[PDB]
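Think of it as A, B, C, D, E, F, G, H, I, J, K, L and M in the order they're written, each chain with its own count starting at 1.
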């Protein structure tokens, strides 16, 4: 078997671990910002109708 | 033997010229859409025809680079 | 023997052209957002659009340099 | 036997000169249409004749490179 | 033989491109923070993003210089 | 022997210099007719005598390239 | 043989890139301190980190020239 | 022999330097008579003496290229 | 054999980089003291620390060109 | 031997440097006459002594080119 | 045998860098003259010490070129 | 690392990568579009965000009435190129044969036929200088995406071999984060320039 | 910073905001607190002031 496969796959896994410690906080906050941003507009429309 | 280096200087100088030309055009259209942001399509179409020019002469250079390579 | 420095001048002139074009674009983007902060998302968007356009034709010189090193 | 290197530096330097010249002309003309839009056709025609000049000298450079590689 | 010269001109042209691009973007961000001093963190963060995006292609030029040195 | 790339470096450097100078002249004449449009014929006549004045020396460089290639 | 020419062309291109880039940065920061002289420490810290980048890529260029001279 | 390469190079760099210098002087006099057209003859006459001054030394290089082609 | 030409290109490229860098720095400080005349000592102290700061790497390129001439 | 192309590349780089420097200084004299046309004597006398300064080192280079051609 | 080429390119690169640096500093010091007349002595003193700075390295270059030609 | 083709006509491994990227794009599309919800959450808000992002790009280039048709071509094009660039980074396996399962976009023929398919579509919905500019922009778009993925693929592979043969985790980590950055930027510039030529030929 | 839209008749708004931005006759522009001493004419267009999330618009005519 070749040696490069498990070597670069192991470092791809540890790169995803570093990107997990570094990167789950920005993009989940971007998705939460988008999710919170749709709801306010919807509620305002409902309030005017009421 | 020297046709490899010929193709190489041809693609290198074409890349340098296209990089500087595209950099100038897109730089000044950044400041154009920063001064007056409602002029984005009329800046954008002229940007892309300038990109077409400044690439299209190095593109025929890099097309000629392969016949430089073969000889 | 000669193809090695052929590939080297190709990737070097590509790096030079992409560095100058990227410098012009990015410098004008940051002075444009220094002029006003209200358009920094659209200026970062067109910044990355510009960086792709000026880093595009030097990287075809890079992969053609690998082709030159192949022959 | 150096005609391939000859024609290739000729095409490369012509491409670099045409790239920088076209980049300057197109960049200043999109700044010209950016600071005022209402005579974009007046700007474009003088831009295209300037592009015609700054490429018409490297076009005869490319044709002379063809007769260089022929010899 | 020619591989060390290849490696050296590759890393040298990468250094030239990165130096010109970084000089442009850093100079425009310090005149930007001289123009409006309350915009300093946004300007320097976009400046470091620009340092990365102008030193993208010289860094790959460095490792391809190590490839050229190895051959 | 090497007269062909002598002819070609002459044509290439003349084309590069003509491209940069002609791009500067045409870019300043279109920003001049952009910021005040009423002087288009005056600015075009002095632009054309300026570009003839610039490319006077690369054209005699091209005929010197002819007598270098004949050598 | 070629290793000393390699080391010297690497140091020379790194010096030229560092010279132009640091000249741009230092020149724009002294004109920025000429505009608003109360921003001396901010301009000096930002020019020092920018110069640190513009120098530090030719710094590794210079130590790579040392290992080129060793080979 | 190699004196042909010598003369061509002198001719080419003289044309490049004269092209950039003449482009700068003519382009800035386009802007100068574009902003204040009532001054046009005196600044175009000192533009012409600046033209002769910027292309004095490339003509000397042309004469020395005749000397080098003779050698 | 090539060590003398190595030291020559090293000192020459370091000289060209130091020339452009010091030209930028002294040029912008001379327009800076042309703008605000009472800021002359602060501008001169920052200018001289910039001149030493940009000729730091060319002078070590010169003192490495000496051992390039030796080796 | 190759002292003829040595002398010629000295002539060429001196011509390029003198062309760029003379073009910059005489172009901005035109720009200064356009800003304020009543200080033409002091602007032209500082112009001509600046022309002497930019021209001095290439003339020293070309007389050393004469001493280089012989050797 | 190539010491003559070495000395000649050292003088040429020093002349080109000195020409660009002196062109920049003389050009916008006469811009500073043209904006206001009364600061002519301080502008000229900073001008000539800038001439000393941008010419010093060049002077060293030509002295070391004579050392290279002696080698 | 040779072109492994079981059939003489066409590359077998490229067809395998096209099939696996089509199935993974289709299953993430049907996982984001499971049911109808008026309050977006989970992955349906992500699919609607990509949908309105493509729409915004269309609105930048052309009038909304003309370019409304292109929205469902554009969103599958950006997601297809997105996943096609990011497939080459995790595994890139080497078998005892020539080569197997690198990525689709690293193949030049795949990217050039996808670019000429794009330009065939914008000719279908829509004088020598114009047609040489057309062939120029086709081949520079295909060569753009092909080069800017294939150089990173070769570099990552080189890094993988340098690590396995004989300490070098963080250079390939920085390069691999930069390579997913290159993948998303190349997908966005590809679909944006697609919509630019679509807007140039429609209106 | 203190922003004060001033008419020859009399003062209009004259309060303090976070970040005022207006389009000049050259183009767009934004003003952060601590800006350089800057002078630019205005076109016939509104001036936004961005009081938190309010963004009170003030339409200037003539304008400077």
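The rule we apply is simple: a contact is a pair of C-beta atoms (placed from the backbone, for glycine too) under 8 Å apart; a residue touches a chain by one contact, two chains touch by 3 or more.
The chain pair with the larger count of C-beta pairs in contact, out of E-G and D-M, is E-G.
Taking the mean of each chain's C-alpha atoms as its centre, the chain lying closest to the overall protein C-alpha centroid is C.
Taking each chain's centre as the average of its CA atoms, subunit H and subunit M sit 49 Å apart. For the pair subunit E and subunit H, the distance between C-alpha centroids works out to 34 Å. A separation of 39 Å divides the Cα centre of subunit E from that of subunit M.
Within subunit K, the positions touching two or more other chains are listed as 2, 5, 7, 9, 12-14, 16-20, 22-24, 27-29, 31, 33, 35, 58, 65. Counting partners per residue, subunit L has 140, 151 as the residues that reach two or more other chains.
Counting partners per residue, subunit M has 26-28, 32, 36 as the residues that reach two or more other chains. Taken together, the chains touch in the following pairs: A-L, B-C, B-D, B-L, B-M, C-E, C-L, C-M, D-F, D-M, E-G, E-L, E-M, F-H, G-I, H-J, I-K, J-K. Touching subunit M in their complex are the following residues of subunit E: 34-39. Listed in rising order, the residues of subunit L touching subunit C in the complex are 140, 143-144, 146-148, 150-151, 154, 185-186, 188-189, 192.
Residues 1-2, 4-5, 7-9, 11-20, 22-24, 26-31, 33-35, 37, 51, 55, 58, 62, 65, 69 of subunit B are the ones touching subunit C in the complex.
For subunit L in complex with subunit A, the residues that touch the partner chain are 39-41, 45-46, 49, 89-94, 156-157, 159-161, 163-165, 169, 172-173, 176-177. Residues of subunit C touching subunit B in their complex: 2-3, 5-7, 9-10, 12-14, 16-18, 20-25, 27-29, 31-33, 35-36, 39, 42-43, 46-47, 49-50, 53-54, 57-58, 60-61, 64-65, 67-68, 71.
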